[PDB]
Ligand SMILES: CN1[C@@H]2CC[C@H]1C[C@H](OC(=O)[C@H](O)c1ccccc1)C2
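A single chain comes next, written as structure tokens; it is the form solved without homotropine.
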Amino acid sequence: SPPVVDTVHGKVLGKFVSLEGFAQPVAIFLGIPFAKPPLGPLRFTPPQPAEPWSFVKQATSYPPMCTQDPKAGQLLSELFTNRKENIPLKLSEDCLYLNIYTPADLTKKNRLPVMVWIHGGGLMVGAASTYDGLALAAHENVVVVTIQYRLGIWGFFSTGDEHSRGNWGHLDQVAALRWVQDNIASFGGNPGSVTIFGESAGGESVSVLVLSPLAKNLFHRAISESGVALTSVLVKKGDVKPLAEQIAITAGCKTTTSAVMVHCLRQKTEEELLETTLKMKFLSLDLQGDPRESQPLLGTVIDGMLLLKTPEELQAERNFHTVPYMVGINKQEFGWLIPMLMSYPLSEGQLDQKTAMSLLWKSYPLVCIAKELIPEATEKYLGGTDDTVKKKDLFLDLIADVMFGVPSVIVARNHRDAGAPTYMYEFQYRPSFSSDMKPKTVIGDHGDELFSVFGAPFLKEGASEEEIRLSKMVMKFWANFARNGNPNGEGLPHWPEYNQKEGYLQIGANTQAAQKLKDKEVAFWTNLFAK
């Protein structure tokens, strides 16, 4: 259009897009490779640097999304996209690409902050391309980078030993950050000011990166949105071997040894590993035999390269990256989106005590709560009322609190206590972009803040004046944090540091400061889990 940039491995050609209210068009570069494609023998291995190219690579097409269930993937991209229209993507193992939105005049001198987005989808689905960086980049003058990383089996297959350690997806995330360091100056970005941010499994990934020595000097601020390293559904402790064996059997491989399982899986076609994925029935709750065996996903493991010990132990040791860290959550993290996606046994308008307890047990993959604690937990949340419709609501508050609220505050506290500037928020607002099938009473569902962070009101239609102003404020807070490690700025509500007083920001129509986010839930669960 005609912007051409030279990266360490060769030239790329992007295009210009203008945003209303902004004279300088944003230069967009789609499908830049940050690694060699992880094919054949490179499956279940760390990413390798991309091979160099001659001439000018076209970076004007969205790349494929990493192999995943196309039905769940597209459904998630549709619900999370900040675009007027979702962009249908192709599936491939050839998926280690990133997309760049730089608002800089590349003919001129620039050294802008860089915000690197890591999408969610439970480490099983999701895509970079779902997220248009155009609005955030233009409104706040930051270079926005969206990254992809291997998912499901390809991303996280682990034998628990040196033949397939696992965490390939997080290695990709790290690879993308090294690429950013080595390249982003050519896109008008500052490699001394990188902010990583992510939502759900993306937030968990940011939290895990904060804890990993591999990610040292790769970023200078971090934001986890509705997900952290103590969101226990995404982090496998204990023996991963049974899972590995069930996958290899489902793939039609023998289990004689680890190295033999890995070699046999490496001979399978993309199509065969996808078939296997669909038969494992991940992102779904198994209603058979034991909840303690049911696997809704595989995910982060303690591999000895990325993570040396469990997040719990690493926090106590305080060896992690003490960068400024914003950790936040939404008011009803389990209000609609997540249960709808797993076809959760939620159906009736109400719910009694005894079902609650068996549901919670079958929910073990999500909440990771032993059977002896289940009566107490349910009584705690559901016992103060005989009203079965309010039982249902308290129950979703329960799951939300265990999955996100409590882990988040714990992470934030530990990060504060290590000596790092820490911020927290709780987001409470119901976007007009919400799916029509979500009840109007669900407010601050999982993902609801995305529309503000990415500026859906500037790209989709139908936004009120209130919704518009809400996005402008969220983006300015996010980018102020990227600039300064501190979201505050003149014109914005005061956001207190998450210090000994535990100030945090209630973000929504009426944005204001408060204190001790989830204090009583944290005490309750912690005391209960140490029984």
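Start at 1 with the first residue shown and count on from there.
Another form, the form solved in complex with homotropine, is not on view; read the next lines as being about it.
This chain is displayed alone, yet in the bound PDB entry one of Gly455, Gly152, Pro431, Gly335 has a heavy atom within 4.5 Å of homotropine; that residue is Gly335. Site annotation in the bound PDB entry: the residue of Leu308, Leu346, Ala316, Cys264 reaching within 4.5 Å of homotropine with a heavy atom is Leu346.
Stretch-level contact check against homotropine in the bound PDB entry with heavy atoms at 4.5 Å: of 437-445, 316-324, 187-195, 169-177, the positive one is 437-445. Using a 4.5 angstroms threshold between heavy atoms, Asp303 stays clear of homotropine in the bound PDB entry.
When homotropine is considered in the bound PDB entry, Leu396 lines it closely, a heavy atom lying within 4.5 Å.
Homotropine in the bound PDB entry is not approached by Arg413, whose heavy atoms all lie more than 4.5 angstroms from it. Homotropine is not drawn, but in the bound PDB entry it has a heavy atom within 4.5 Å of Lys392.
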